[PDB]
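First, one chain by itself: the form deposited in one PDB entry, in structure tokens.
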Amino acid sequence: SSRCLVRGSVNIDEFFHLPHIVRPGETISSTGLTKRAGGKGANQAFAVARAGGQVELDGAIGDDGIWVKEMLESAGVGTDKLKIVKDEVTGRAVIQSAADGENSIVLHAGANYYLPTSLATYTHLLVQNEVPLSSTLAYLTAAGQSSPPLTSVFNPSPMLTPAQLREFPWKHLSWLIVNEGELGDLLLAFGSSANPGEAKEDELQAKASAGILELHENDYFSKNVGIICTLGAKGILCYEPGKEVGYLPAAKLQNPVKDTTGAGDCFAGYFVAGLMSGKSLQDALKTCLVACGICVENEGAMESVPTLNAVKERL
């Protein structure tokens, strides 16, 4: 029976409501404060658990993050490997929400970057780039050098440097999940002329399909890595290694788009869970799209992620 390990981040997002973005030398009083749990690790782990899979999160928070740990636990995330680091704070995004509409963000890595694991009980590894890359590399290498090798899924967010991308051990990767702009960052770092980030909507699907094939056949990459490219409201592109590139449209929404926050983390978590359930690849993707549809119809990051029953009720 399948079990996923997420090696990734936990963030508290702090929205300070302000008349205007604070200027240098200025003291200004916020008129309200909203907190939202986040982080690519925590979001995607939450989605895996909401989709019904057994998942554990490997990372660190501060004492100020226990309420997020409890939120993950309540959703079924294993948090036994979620360490509390004294004298560090949970990763933080300090967001200034101005009445001008203009926003400004300050990111603080915090306990996500704390650097002081047997993978034998795990079948899947989920990683991103919001913890130290050495940690992600070490976990990815360990998944690939296991007997048998673990199914590993990588979401390069935030994007790695061109130097980091070219020296990345892609041979150890079962799945790469990106959006069209992140696909363009990889192709650009690998000498490609095309960047499907600046594509027009009419060209997007075809140019991103071509970018997937080109990345597959690029010397810096590996030919054994499956590639999923998410396209927001246009859907997803999927390349199974050695098959043909498939397009699936986004699920038809039953409600207005409220908020697209967490849509890609919702996809990643539901995808790993679909792999763990032994479903066909296409059926795992279909469940992702329906889950992501519910996700963009609801407010919040984690809070918007539907339960499998909710996904099945729509299906």
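Shifts are known only where both forms have a C-alpha. If you superpose the two forms and keep the largest set of C-alpha atoms that fall within 1.5 Å, you have the rigid core. Numbering starts at 1 and follows the sequence shown.
Keep in mind the form deposited in another entry is missing from the figure; the text below concerns it.
Remark: with the core as the superposition reference, the CA shift of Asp100 between the shown form and the other one reaches 2 Å or more.
For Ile294, the Cα coordinates differ by under 2 angstroms between the shown form and the other one after the core has been superposed. Once the cores line up, the CA of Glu14 ends up 2 angstroms or more apart between the shown form and the other one.
Expansion of the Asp64-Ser29 CA spacing by 3 Å or more is recorded in the other entry, set against this form. The pair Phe267 and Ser97 is at least 3 angstroms closer at the CA level in the other entry than in the present model.
When the two forms are overlaid on the core, consecutive residue runs of 3+ whose CA positions all differ by 2 Å or more between the shown form and the other one map to 14 to 34, 93 to 107.
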